>>> print(open('final.pdb').read())   # PDB, N, CA and C atoms
ATOM      1  N   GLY A   1      37.567  83.869  33.722  1.00  0.00           N
ATOM      2  CA  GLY A   1      38.596  84.424  34.583  1.00  0.00           C
ATOM      3  C   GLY A   1      38.021  85.266  35.703  1.00  0.00           C
ATOM      4  N   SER A   2      38.818  86.205  36.204  1.00  0.00           N
ATOM      5  CA  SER A   2      38.383  87.077  37.289  1.00  0.00           C
ATOM      6  C   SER A   2      37.855  86.260  38.464  1.00  0.00           C
ATOM      7  N   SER A   3      38.520  85.144  38.748  1.00  0.00           N
ATOM      8  CA  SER A   3      38.116  84.272  39.843  1.00  0.00           C
ATOM      9  C   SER A   3      39.148  84.297  40.967  1.00  0.00           C
ATOM     10  N   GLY A   4      38.784  83.722  42.110  1.00  0.00           N
ATOM     11  CA  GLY A   4      39.689  83.690  43.244  1.00  0.00           C
ATOM     12  C   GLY A   4      38.968  83.431  44.552  1.00  0.00           C
ATOM     13  N   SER A   5      39.458  82.459  45.314  1.00  0.00           N
ATOM     14  CA  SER A   5      38.850  82.110  46.594  1.00  0.00           C
ATOM     15  C   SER A   5      39.900  82.070  47.700  1.00  0.00           C
ATOM     16  N   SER A   6      39.478  82.392  48.919  1.00  0.00           N
ATOM     17  CA  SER A   6      40.381  82.397  50.063  1.00  0.00           C
ATOM     18  C   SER A   6      40.272  81.093  50.847  1.00  0.00           C
ATOM     19  N   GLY A   7      39.068  80.527  50.879  1.00  0.00           N
ATOM     20  CA  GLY A   7      38.852  79.285  51.596  1.00  0.00           C
ATOM     21  C   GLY A   7      37.389  78.889  51.642  1.00  0.00           C
ATOM     22  N   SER A   8      37.125  77.590  51.552  1.00  0.00           N
ATOM     23  CA  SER A   8      35.758  77.083  51.578  1.00  0.00           C
ATOM     24  C   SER A   8      35.414  76.517  52.953  1.00  0.00           C
ATOM     25  N   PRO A   9      34.149  76.691  53.364  1.00  0.00           N
ATOM     26  CA  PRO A   9      33.664  76.205  54.658  1.00  0.00           C
ATOM     27  C   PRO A   9      33.577  74.683  54.711  1.00  0.00           C
ATOM     28  N   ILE A  10      33.029  74.164  55.804  1.00  0.00           N
ATOM     29  CA  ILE A  10      32.886  72.724  55.976  1.00  0.00           C
ATOM     30  C   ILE A  10      31.417  72.316  55.994  1.00  0.00           C
ATOM     31  N   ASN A  11      31.110  71.202  55.337  1.00  0.00           N
ATOM     32  CA  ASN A  11      29.741  70.701  55.278  1.00  0.00           C
ATOM     33  C   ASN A  11      29.612  69.376  56.022  1.00  0.00           C
ATOM     34  N   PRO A  12      28.486  69.203  56.732  1.00  0.00           N
ATOM     35  CA  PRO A  12      28.215  67.984  57.499  1.00  0.00           C
ATOM     36  C   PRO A  12      27.952  66.781  56.602  1.00  0.00           C
ATOM     37  N   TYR A  13      27.024  66.939  55.665  1.00  0.00           N
ATOM     38  CA  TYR A  13      26.676  65.863  54.744  1.00  0.00           C
ATOM     39  C   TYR A  13      27.400  66.032  53.411  1.00  0.00           C
ATOM     40  N   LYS A  14      27.257  67.210  52.814  1.00  0.00           N
ATOM     41  CA  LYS A  14      27.897  67.503  51.536  1.00  0.00           C
ATOM     42  C   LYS A  14      29.282  66.867  51.463  1.00  0.00           C
ATOM     43  N   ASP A  15      29.912  66.698  52.621  1.00  0.00           N
ATOM     44  CA  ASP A  15      31.240  66.099  52.688  1.00  0.00           C
ATOM     45  C   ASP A  15      31.333  64.880  51.775  1.00  0.00           C
ATOM     46  N   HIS A  16      30.381  63.964  51.920  1.00  0.00           N
ATOM     47  CA  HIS A  16      30.356  62.753  51.108  1.00  0.00           C
ATOM     48  C   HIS A  16      30.495  63.089  49.626  1.00  0.00           C
ATOM     49  N   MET A  17      29.974  64.247  49.236  1.00  0.00           N
ATOM     50  CA  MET A  17      30.040  64.685  47.846  1.00  0.00           C
ATOM     51  C   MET A  17      31.407  65.281  47.528  1.00  0.00           C
ATOM     52  N   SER A  18      31.703  66.427  48.133  1.00  0.00           N
ATOM     53  CA  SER A  18      32.977  67.103  47.911  1.00  0.00           C
ATOM     54  C   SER A  18      34.109  66.091  47.763  1.00  0.00           C
ATOM     55  N   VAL A  19      34.206  65.175  48.721  1.00  0.00           N
ATOM     56  CA  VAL A  19      35.243  64.150  48.697  1.00  0.00           C
ATOM     57  C   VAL A  19      35.339  63.498  47.323  1.00  0.00           C
ATOM     58  N   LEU A  20      34.232  62.919  46.870  1.00  0.00           N
ATOM     59  CA  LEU A  20      34.192  62.260  45.570  1.00  0.00           C
ATOM     60  C   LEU A  20      34.689  63.193  44.470  1.00  0.00           C
ATOM     61  N   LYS A  21      34.332  64.468  44.577  1.00  0.00           N
ATOM     62  CA  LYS A  21      34.744  65.464  43.596  1.00  0.00           C
ATOM     63  C   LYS A  21      36.242  65.735  43.690  1.00  0.00           C
ATOM     64  N   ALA A  22      36.812  65.481  44.864  1.00  0.00           N
ATOM     65  CA  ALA A  22      38.237  65.693  45.084  1.00  0.00           C
ATOM     66  C   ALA A  22      39.064  64.595  44.425  1.00  0.00           C
ATOM     67  N   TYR A  23      38.552  63.370  44.465  1.00  0.00           N
ATOM     68  CA  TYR A  23      39.244  62.232  43.874  1.00  0.00           C
ATOM     69  C   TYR A  23      39.214  62.306  42.350  1.00  0.00           C
ATOM     70  N   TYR A  24      38.025  62.519  41.799  1.00  0.00           N
ATOM     71  CA  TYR A  24      37.858  62.610  40.354  1.00  0.00           C
ATOM     72  C   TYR A  24      38.660  63.776  39.784  1.00  0.00           C
ATOM     73  N   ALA A  25      38.553  64.931  40.433  1.00  0.00           N
ATOM     74  CA  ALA A  25      39.269  66.122  39.995  1.00  0.00           C
ATOM     75  C   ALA A  25      40.729  65.804  39.690  1.00  0.00           C
ATOM     76  N   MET A  26      41.300  64.876  40.452  1.00  0.00           N
ATOM     77  CA  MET A  26      42.691  64.481  40.262  1.00  0.00           C
ATOM     78  C   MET A  26      42.805  63.387  39.204  1.00  0.00           C
ATOM     79  N   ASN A  27      41.955  62.373  39.314  1.00  0.00           N
ATOM     80  CA  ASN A  27      41.962  61.263  38.367  1.00  0.00           C
ATOM     81  C   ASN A  27      40.630  61.170  37.629  1.00  0.00           C
ATOM     82  N   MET A  28      40.700  61.036  36.309  1.00  0.00           N
ATOM     83  CA  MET A  28      39.499  60.933  35.487  1.00  0.00           C
ATOM     84  C   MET A  28      38.852  59.561  35.638  1.00  0.00           C
ATOM     85  N   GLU A  29      39.638  58.512  35.417  1.00  0.00           N
ATOM     86  CA  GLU A  29      39.140  57.147  35.528  1.00  0.00           C
ATOM     87  C   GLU A  29      39.924  56.365  36.578  1.00  0.00           C
ATOM     88  N   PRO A  30      39.324  56.206  37.767  1.00  0.00           N
ATOM     89  CA  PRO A  30      39.946  55.481  38.878  1.00  0.00           C
ATOM     90  C   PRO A  30      40.037  53.981  38.613  1.00  0.00           C
ATOM     91  N   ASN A  31      40.789  53.280  39.454  1.00  0.00           N
ATOM     92  CA  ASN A  31      40.957  51.838  39.309  1.00  0.00           C
ATOM     93  C   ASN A  31      40.214  51.091  40.412  1.00  0.00           C
ATOM     94  N   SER A  32      39.846  49.844  40.131  1.00  0.00           N
ATOM     95  CA  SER A  32      39.127  49.024  41.098  1.00  0.00           C
ATOM     96  C   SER A  32      39.624  49.290  42.515  1.00  0.00           C
ATOM     97  N   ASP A  33      40.931  49.486  42.649  1.00  0.00           N
ATOM     98  CA  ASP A  33      41.536  49.751  43.949  1.00  0.00           C
ATOM     99  C   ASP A  33      41.006  51.055  44.539  1.00  0.00           C
ATOM    100  N   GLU A  34      41.091  52.129  43.759  1.00  0.00           N
ATOM    101  CA  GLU A  34      40.622  53.435  44.206  1.00  0.00           C
ATOM    102  C   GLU A  34      39.115  53.418  44.447  1.00  0.00           C
ATOM    103  N   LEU A  35      38.358  53.093  43.406  1.00  0.00           N
ATOM    104  CA  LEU A  35      36.903  53.041  43.504  1.00  0.00           C
ATOM    105  C   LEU A  35      36.468  52.542  44.878  1.00  0.00           C
ATOM    106  N   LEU A  36      37.007  51.399  45.285  1.00  0.00           N
ATOM    107  CA  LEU A  36      36.676  50.815  46.580  1.00  0.00           C
ATOM    108  C   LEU A  36      36.882  51.827  47.702  1.00  0.00           C
ATOM    109  N   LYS A  37      38.129  52.243  47.895  1.00  0.00           N
ATOM    110  CA  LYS A  37      38.460  53.212  48.933  1.00  0.00           C
ATOM    111  C   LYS A  37      37.540  54.427  48.858  1.00  0.00           C
ATOM    112  N   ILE A  38      37.407  54.989  47.661  1.00  0.00           N
ATOM    113  CA  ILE A  38      36.554  56.153  47.456  1.00  0.00           C
ATOM    114  C   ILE A  38      35.225  55.996  48.184  1.00  0.00           C
ATOM    115  N   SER A  39      34.606  54.830  48.030  1.00  0.00           N
ATOM    116  CA  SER A  39      33.326  54.553  48.672  1.00  0.00           C
ATOM    117  C   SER A  39      33.515  54.260  50.157  1.00  0.00           C
ATOM    118  N   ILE A  40      34.742  53.916  50.534  1.00  0.00           N
ATOM    119  CA  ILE A  40      35.056  53.612  51.925  1.00  0.00           C
ATOM    120  C   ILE A  40      35.237  54.888  52.740  1.00  0.00           C
ATOM    121  N   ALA A  41      36.150  55.745  52.294  1.00  0.00           N
ATOM    122  CA  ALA A  41      36.417  57.003  52.979  1.00  0.00           C
ATOM    123  C   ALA A  41      35.120  57.720  53.335  1.00  0.00           C
ATOM    124  N   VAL A  42      34.108  57.558  52.487  1.00  0.00           N
ATOM    125  CA  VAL A  42      32.814  58.191  52.712  1.00  0.00           C
ATOM    126  C   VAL A  42      31.857  57.244  53.429  1.00  0.00           C
ATOM    127  N   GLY A  43      32.013  55.948  53.173  1.00  0.00           N
ATOM    128  CA  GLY A  43      31.156  54.960  53.802  1.00  0.00           C
ATOM    129  C   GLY A  43      30.067  54.462  52.873  1.00  0.00           C
ATOM    130  N   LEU A  44      30.088  54.935  51.631  1.00  0.00           N
ATOM    131  CA  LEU A  44      29.093  54.535  50.643  1.00  0.00           C
ATOM    132  C   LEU A  44      29.493  53.227  49.968  1.00  0.00           C
ATOM    133  N   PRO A  45      28.497  52.519  49.412  1.00  0.00           N
ATOM    134  CA  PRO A  45      28.721  51.244  48.725  1.00  0.00           C
ATOM    135  C   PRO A  45      29.464  51.419  47.405  1.00  0.00           C
ATOM    136  N   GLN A  46      30.631  50.793  47.301  1.00  0.00           N
ATOM    137  CA  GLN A  46      31.439  50.880  46.090  1.00  0.00           C
ATOM    138  C   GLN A  46      30.566  50.778  44.844  1.00  0.00           C
ATOM    139  N   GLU A  47      29.536  49.942  44.916  1.00  0.00           N
ATOM    140  CA  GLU A  47      28.625  49.753  43.793  1.00  0.00           C
ATOM    141  C   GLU A  47      28.049  51.087  43.329  1.00  0.00           C
ATOM    142  N   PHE A  48      27.642  51.913  44.286  1.00  0.00           N
ATOM    143  CA  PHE A  48      27.070  53.219  43.977  1.00  0.00           C
ATOM    144  C   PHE A  48      28.120  54.142  43.366  1.00  0.00           C
ATOM    145  N   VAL A  49      29.221  54.333  44.085  1.00  0.00           N
ATOM    146  CA  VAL A  49      30.303  55.191  43.615  1.00  0.00           C
ATOM    147  C   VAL A  49      30.675  54.867  42.173  1.00  0.00           C
ATOM    148  N   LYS A  50      30.733  53.577  41.859  1.00  0.00           N
ATOM    149  CA  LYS A  50      31.075  53.131  40.513  1.00  0.00           C
ATOM    150  C   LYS A  50      30.246  53.870  39.468  1.00  0.00           C
ATOM    151  N   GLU A  51      28.927  53.724  39.553  1.00  0.00           N
ATOM    152  CA  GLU A  51      28.024  54.379  38.614  1.00  0.00           C
ATOM    153  C   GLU A  51      28.280  55.883  38.571  1.00  0.00           C
ATOM    154  N   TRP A  52      28.435  56.484  39.745  1.00  0.00           N
ATOM    155  CA  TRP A  52      28.685  57.918  39.842  1.00  0.00           C
ATOM    156  C   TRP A  52      29.834  58.332  38.931  1.00  0.00           C
ATOM    157  N   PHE A  53      30.907  57.549  38.944  1.00  0.00           N
ATOM    158  CA  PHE A  53      32.074  57.835  38.118  1.00  0.00           C
ATOM    159  C   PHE A  53      31.765  57.608  36.641  1.00  0.00           C
ATOM    160  N   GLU A  54      31.020  56.543  36.356  1.00  0.00           N
ATOM    161  CA  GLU A  54      30.656  56.212  34.984  1.00  0.00           C
ATOM    162  C   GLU A  54      29.881  57.356  34.336  1.00  0.00           C
ATOM    163  N   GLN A  55      28.921  57.905  35.072  1.00  0.00           N
ATOM    164  CA  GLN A  55      28.106  59.005  34.569  1.00  0.00           C
ATOM    165  C   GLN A  55      28.984  60.134  34.039  1.00  0.00           C
ATOM    166  N   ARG A  56      29.963  60.542  34.842  1.00  0.00           N
ATOM    167  CA  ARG A  56      30.871  61.614  34.455  1.00  0.00           C
ATOM    168  C   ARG A  56      31.310  61.457  33.002  1.00  0.00           C
ATOM    169  N   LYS A  57      31.592  60.221  32.605  1.00  0.00           N
ATOM    170  CA  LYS A  57      32.022  59.933  31.241  1.00  0.00           C
ATOM    171  C   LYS A  57      30.989  60.420  30.231  1.00  0.00           C
ATOM    172  N   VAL A  58      29.714  60.248  30.565  1.00  0.00           N
ATOM    173  CA  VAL A  58      28.630  60.673  29.687  1.00  0.00           C
ATOM    174  C   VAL A  58      28.775  62.142  29.306  1.00  0.00           C
ATOM    175  N   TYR A  59      29.036  62.982  30.300  1.00  0.00           N
ATOM    176  CA  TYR A  59      29.196  64.413  30.069  1.00  0.00           C
ATOM    177  C   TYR A  59      30.538  64.710  29.404  1.00  0.00           C
ATOM    178  N   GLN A  60      31.594  64.084  29.910  1.00  0.00           N
ATOM    179  CA  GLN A  60      32.932  64.281  29.366  1.00  0.00           C
ATOM    180  C   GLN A  60      32.959  63.990  27.869  1.00  0.00           C
ATOM    181  N   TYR A  61      32.162  63.013  27.447  1.00  0.00           N
ATOM    182  CA  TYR A  61      32.098  62.634  26.040  1.00  0.00           C
ATOM    183  C   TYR A  61      31.080  63.489  25.293  1.00  0.00           C
ATOM    184  N   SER A  62      29.994  63.838  25.976  1.00  0.00           N
ATOM    185  CA  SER A  62      28.942  64.652  25.376  1.00  0.00           C
ATOM    186  C   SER A  62      29.289  66.135  25.460  1.00  0.00           C
ATOM    187  N   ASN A  63      28.791  66.908  24.500  1.00  0.00           N
ATOM    188  CA  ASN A  63      29.048  68.343  24.464  1.00  0.00           C
ATOM    189  C   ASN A  63      28.468  69.031  25.696  1.00  0.00           C
ATOM    190  N   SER A  64      29.276  69.872  26.334  1.00  0.00           N
ATOM    191  CA  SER A  64      28.845  70.591  27.527  1.00  0.00           C
ATOM    192  C   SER A  64      28.003  71.807  27.153  1.00  0.00           C
ATOM    193  N   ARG A  65      28.442  72.532  26.130  1.00  0.00           N
ATOM    194  CA  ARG A  65      27.731  73.719  25.673  1.00  0.00           C
ATOM    195  C   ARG A  65      26.224  73.479  25.658  1.00  0.00           C
ATOM    196  N   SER A  66      25.804  72.434  24.952  1.00  0.00           N
ATOM    197  CA  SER A  66      24.389  72.097  24.853  1.00  0.00           C
ATOM    198  C   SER A  66      23.814  71.754  26.224  1.00  0.00           C
ATOM    199  N   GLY A  67      22.577  72.177  26.464  1.00  0.00           N
ATOM    200  CA  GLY A  67      21.933  71.906  27.736  1.00  0.00           C
ATOM    201  C   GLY A  67      22.367  70.583  28.335  1.00  0.00           C
ATOM    202  N   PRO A  68      23.353  70.634  29.242  1.00  0.00           N
ATOM    203  CA  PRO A  68      23.880  69.439  29.907  1.00  0.00           C
ATOM    204  C   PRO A  68      22.880  68.831  30.885  1.00  0.00           C
ATOM    205  N   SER A  69      23.312  67.797  31.599  1.00  0.00           N
ATOM    206  CA  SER A  69      22.452  67.124  32.566  1.00  0.00           C
ATOM    207  C   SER A  69      22.070  68.067  33.702  1.00  0.00           C
ATOM    208  N   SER A  70      23.076  68.677  34.321  1.00  0.00           N
ATOM    209  CA  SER A  70      22.848  69.601  35.426  1.00  0.00           C
ATOM    210  C   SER A  70      23.836  70.761  35.377  1.00  0.00           C
ATOM    211  N   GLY A  71      23.360  71.951  35.734  1.00  0.00           N
ATOM    212  CA  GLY A  71      24.213  73.124  35.723  1.00  0.00           C
ATOM    213  C   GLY A  71      23.963  74.013  34.521  1.00  0.00           C
TER
END
>>> encode(input="final.pdb", output="structure tokens")
Amino acid sequence: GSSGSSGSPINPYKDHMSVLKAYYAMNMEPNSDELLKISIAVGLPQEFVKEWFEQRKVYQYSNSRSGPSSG
């Protein structure tokens, strides 16, 4: 707790990331339809984005407490 933000700045490249985090944050498992667009809005190859989403499952299923992948 004890959290609170007024507003986040804008990133030139990071954008490609934040965006992906914005889609997932709303939906856990996207559909072939979304996946495509997701990689489009950013310009990345749907093939790549796909794996990116799959990985998330690894952590979501694996215990976070224990030394996770990153963070």
>>> resolve_selection(input="final.pdb", expression="the PyMOL selection byres (((chain A and resi 17 and name CA) around 12) and name CA)", output="ChimeraX atom specification")
/A:10-16,18-24,38-39,41-44,49,52
>>> write_last_selection(input="final.pdb", atoms="N, CA and C atoms", output="PDB file, in the coordinates of the input")
ATOM      1  N   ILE A  10      33.029  74.164  55.804  1.00  0.00           N
ATOM      2  CA  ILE A  10      32.886  72.724  55.976  1.00  0.00           C
ATOM      3  C   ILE A  10      31.417  72.316  55.994  1.00  0.00           C
ATOM      4  N   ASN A  11      31.110  71.202  55.337  1.00  0.00           N
ATOM      5  CA  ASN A  11      29.741  70.701  55.278  1.00  0.00           C
ATOM      6  C   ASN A  11      29.612  69.376  56.022  1.00  0.00           C
ATOM      7  N   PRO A  12      28.486  69.203  56.732  1.00  0.00           N
ATOM      8  CA  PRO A  12      28.215  67.984  57.499  1.00  0.00           C
ATOM      9  C   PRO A  12      27.952  66.781  56.602  1.00  0.00           C
ATOM     10  N   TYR A  13      27.024  66.939  55.665  1.00  0.00           N
ATOM     11  CA  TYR A  13      26.676  65.863  54.744  1.00  0.00           C
ATOM     12  C   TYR A  13      27.400  66.032  53.411  1.00  0.00           C
ATOM     13  N   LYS A  14      27.257  67.210  52.814  1.00  0.00           N
ATOM     14  CA  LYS A  14      27.897  67.503  51.536  1.00  0.00           C
ATOM     15  C   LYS A  14      29.282  66.867  51.463  1.00  0.00           C
ATOM     16  N   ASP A  15      29.912  66.698  52.621  1.00  0.00           N
ATOM     17  CA  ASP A  15      31.240  66.099  52.688  1.00  0.00           C
ATOM     18  C   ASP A  15      31.333  64.880  51.775  1.00  0.00           C
ATOM     19  N   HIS A  16      30.381  63.964  51.920  1.00  0.00           N
ATOM     20  CA  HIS A  16      30.356  62.753  51.108  1.00  0.00           C
ATOM     21  C   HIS A  16      30.495  63.089  49.626  1.00  0.00           C
ATOM     22  N   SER A  18      31.703  66.427  48.133  1.00  0.00           N
ATOM     23  CA  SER A  18      32.977  67.103  47.911  1.00  0.00           C
ATOM     24  C   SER A  18      34.109  66.091  47.763  1.00  0.00           C
ATOM     25  N   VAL A  19      34.206  65.175  48.721  1.00  0.00           N
ATOM     26  CA  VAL A  19      35.243  64.150  48.697  1.00  0.00           C
ATOM     27  C   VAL A  19      35.339  63.498  47.323  1.00  0.00           C
ATOM     28  N   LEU A  20      34.232  62.919  46.870  1.00  0.00           N
ATOM     29  CA  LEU A  20      34.192  62.260  45.570  1.00  0.00           C
ATOM     30  C   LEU A  20      34.689  63.193  44.470  1.00  0.00           C
ATOM     31  N   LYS A  21      34.332  64.468  44.577  1.00  0.00           N
ATOM     32  CA  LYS A  21      34.744  65.464  43.596  1.00  0.00           C
ATOM     33  C   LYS A  21      36.242  65.735  43.690  1.00  0.00           C
ATOM     34  N   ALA A  22      36.812  65.481  44.864  1.00  0.00           N
ATOM     35  CA  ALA A  22      38.237  65.693  45.084  1.00  0.00           C
ATOM     36  C   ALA A  22      39.064  64.595  44.425  1.00  0.00           C
ATOM     37  N   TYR A  23      38.552  63.370  44.465  1.00  0.00           N
ATOM     38  CA  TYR A  23      39.244  62.232  43.874  1.00  0.00           C
ATOM     39  C   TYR A  23      39.214  62.306  42.350  1.00  0.00           C
ATOM     40  N   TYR A  24      38.025  62.519  41.799  1.00  0.00           N
ATOM     41  CA  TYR A  24      37.858  62.610  40.354  1.00  0.00           C
ATOM     42  C   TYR A  24      38.660  63.776  39.784  1.00  0.00           C
ATOM     43  N   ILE A  38      37.407  54.989  47.661  1.00  0.00           N
ATOM     44  CA  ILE A  38      36.554  56.153  47.456  1.00  0.00           C
ATOM     45  C   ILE A  38      35.225  55.996  48.184  1.00  0.00           C
ATOM     46  N   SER A  39      34.606  54.830  48.030  1.00  0.00           N
ATOM     47  CA  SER A  39      33.326  54.553  48.672  1.00  0.00           C
ATOM     48  C   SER A  39      33.515  54.260  50.157  1.00  0.00           C
ATOM     49  N   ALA A  41      36.150  55.745  52.294  1.00  0.00           N
ATOM     50  CA  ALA A  41      36.417  57.003  52.979  1.00  0.00           C
ATOM     51  C   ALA A  41      35.120  57.720  53.335  1.00  0.00           C
ATOM     52  N   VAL A  42      34.108  57.558  52.487  1.00  0.00           N
ATOM     53  CA  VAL A  42      32.814  58.191  52.712  1.00  0.00           C
ATOM     54  C   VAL A  42      31.857  57.244  53.429  1.00  0.00           C
ATOM     55  N   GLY A  43      32.013  55.948  53.173  1.00  0.00           N
ATOM     56  CA  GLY A  43      31.156  54.960  53.802  1.00  0.00           C
ATOM     57  C   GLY A  43      30.067  54.462  52.873  1.00  0.00           C
ATOM     58  N   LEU A  44      30.088  54.935  51.631  1.00  0.00           N
ATOM     59  CA  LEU A  44      29.093  54.535  50.643  1.00  0.00           C
ATOM     60  C   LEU A  44      29.493  53.227  49.968  1.00  0.00           C
ATOM     61  N   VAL A  49      29.221  54.333  44.085  1.00  0.00           N
ATOM     62  CA  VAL A  49      30.303  55.191  43.615  1.00  0.00           C
ATOM     63  C   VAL A  49      30.675  54.867  42.173  1.00  0.00           C
ATOM     64  N   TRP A  52      28.435  56.484  39.745  1.00  0.00           N
ATOM     65  CA  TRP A  52      28.685  57.918  39.842  1.00  0.00           C
ATOM     66  C   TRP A  52      29.834  58.332  38.931  1.00  0.00           C
TER      67      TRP A  52
END
>>> atom_distance(input="final.pdb", atom1="atom N of residue 30 of chain A", atom2="atom C of residue 46 of chain A")
12.5 Å
>>> select_by_dssp(input="final.pdb", residues="chain A", states="helix (DSSP H, G or I)", output="PyMOL selection string")
chain A and resi 15-26+32-42+46-61
>>> residues_around(input="final.pdb", residues="residue 59 of chain A", least_positions_apart="3", cutoff="10 Å", atoms="only C-alpha atoms", output="PyMOL selection string")
chain A and resi 54-56+62-64+68-70
>>> decode(input="final.pdb", residues="segment 6-66 of chain A", atoms="C-alpha atoms", output="PDB file, in the first residue's frame")
ATOM      1  CA  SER A   6      -0.021  11.619 -10.580  1.00  0.00           C
ATOM      2  CA  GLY A   7       1.193  10.789 -14.075  1.00  0.00           C
ATOM      3  CA  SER A   8       3.875   8.921 -16.006  1.00  0.00           C
ATOM      4  CA  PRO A   9       6.194  10.479 -18.621  1.00  0.00           C
ATOM      5  CA  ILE A  10       6.587   9.418 -22.251  1.00  0.00           C
ATOM      6  CA  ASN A  11       9.257   7.094 -23.643  1.00  0.00           C
ATOM      7  CA  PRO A  12      10.619   7.040 -27.219  1.00  0.00           C
ATOM      8  CA  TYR A  13      11.431   3.330 -27.410  1.00  0.00           C
ATOM      9  CA  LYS A  14      10.069   1.926 -24.147  1.00  0.00           C
ATOM     10  CA  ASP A  15       6.730   2.719 -25.788  1.00  0.00           C
ATOM     11  CA  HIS A  16       6.864  -0.610 -27.625  1.00  0.00           C
ATOM     12  CA  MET A  17       7.045  -2.198 -24.172  1.00  0.00           C
ATOM     13  CA  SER A  18       4.556  -0.200 -22.101  1.00  0.00           C
ATOM     14  CA  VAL A  19       1.980  -0.787 -24.838  1.00  0.00           C
ATOM     15  CA  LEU A  20       2.301  -4.568 -24.601  1.00  0.00           C
ATOM     16  CA  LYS A  21       2.000  -4.234 -20.823  1.00  0.00           C
ATOM     17  CA  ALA A  22      -1.186  -2.220 -21.328  1.00  0.00           C
ATOM     18  CA  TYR A  23      -2.873  -4.943 -23.378  1.00  0.00           C
ATOM     19  CA  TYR A  24      -1.921  -7.826 -21.090  1.00  0.00           C
ATOM     20  CA  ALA A  25      -2.802  -5.853 -17.961  1.00  0.00           C
ATOM     21  CA  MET A  26      -6.372  -5.887 -19.274  1.00  0.00           C
ATOM     22  CA  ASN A  27      -6.411  -9.366 -20.814  1.00  0.00           C
ATOM     23  CA  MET A  28      -4.432 -12.348 -19.527  1.00  0.00           C
ATOM     24  CA  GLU A  29      -4.666 -14.523 -22.640  1.00  0.00           C
ATOM     25  CA  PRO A  30      -5.273 -12.618 -25.903  1.00  0.00           C
ATOM     26  CA  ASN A  31      -6.774 -14.126 -29.057  1.00  0.00           C
ATOM     27  CA  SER A  32      -5.186 -14.643 -32.474  1.00  0.00           C
ATOM     28  CA  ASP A  33      -7.055 -11.470 -33.425  1.00  0.00           C
ATOM     29  CA  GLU A  34      -5.551  -9.367 -30.634  1.00  0.00           C
ATOM     30  CA  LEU A  35      -2.065 -10.888 -30.733  1.00  0.00           C
ATOM     31  CA  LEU A  36      -1.784  -9.724 -34.343  1.00  0.00           C
ATOM     32  CA  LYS A  37      -2.846  -6.132 -33.681  1.00  0.00           C
ATOM     33  CA  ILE A  38      -0.716  -6.034 -30.531  1.00  0.00           C
ATOM     34  CA  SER A  39       2.355  -6.601 -32.702  1.00  0.00           C
ATOM     35  CA  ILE A  40       0.944  -4.181 -35.274  1.00  0.00           C
ATOM     36  CA  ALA A  41       0.280  -1.154 -33.071  1.00  0.00           C
ATOM     37  CA  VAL A  42       3.958  -1.412 -32.135  1.00  0.00           C
ATOM     38  CA  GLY A  43       5.219  -2.689 -35.474  1.00  0.00           C
ATOM     39  CA  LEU A  44       6.756  -5.870 -34.080  1.00  0.00           C
ATOM     40  CA  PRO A  45       6.353  -9.337 -35.650  1.00  0.00           C
ATOM     41  CA  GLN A  46       3.288 -11.117 -34.270  1.00  0.00           C
ATOM     42  CA  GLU A  47       5.563 -14.151 -33.987  1.00  0.00           C
ATOM     43  CA  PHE A  48       7.651 -12.356 -31.362  1.00  0.00           C
ATOM     44  CA  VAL A  49       4.747 -10.894 -29.389  1.00  0.00           C
ATOM     45  CA  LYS A  50       3.260 -14.389 -29.211  1.00  0.00           C
ATOM     46  CA  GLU A  51       6.190 -15.811 -27.246  1.00  0.00           C
ATOM     47  CA  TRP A  52       6.258 -12.700 -25.060  1.00  0.00           C
ATOM     48  CA  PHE A  53       2.700 -13.457 -23.950  1.00  0.00           C
ATOM     49  CA  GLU A  54       3.422 -17.166 -23.510  1.00  0.00           C
ATOM     50  CA  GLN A  55       6.298 -16.428 -21.133  1.00  0.00           C
ATOM     51  CA  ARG A  56       3.984 -14.500 -18.811  1.00  0.00           C
ATOM     52  CA  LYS A  57       2.171 -17.796 -18.241  1.00  0.00           C
ATOM     53  CA  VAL A  58       5.402 -19.297 -16.907  1.00  0.00           C
ATOM     54  CA  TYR A  59       5.482 -16.768 -14.068  1.00  0.00           C
ATOM     55  CA  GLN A  60       1.711 -16.666 -13.576  1.00  0.00           C
ATOM     56  CA  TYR A  61       1.832 -20.427 -13.015  1.00  0.00           C
ATOM     57  CA  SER A  62       5.148 -20.445 -11.151  1.00  0.00           C
ATOM     58  CA  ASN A  63       5.501 -19.073  -7.622  1.00  0.00           C
ATOM     59  CA  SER A  64       6.455 -15.390  -7.595  1.00  0.00           C
ATOM     60  CA  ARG A  65       7.789 -15.332  -4.034  1.00  0.00           C
ATOM     61  CA  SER A  66      10.699 -17.566  -5.041  1.00  0.00           C
TER      62      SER A  66
END
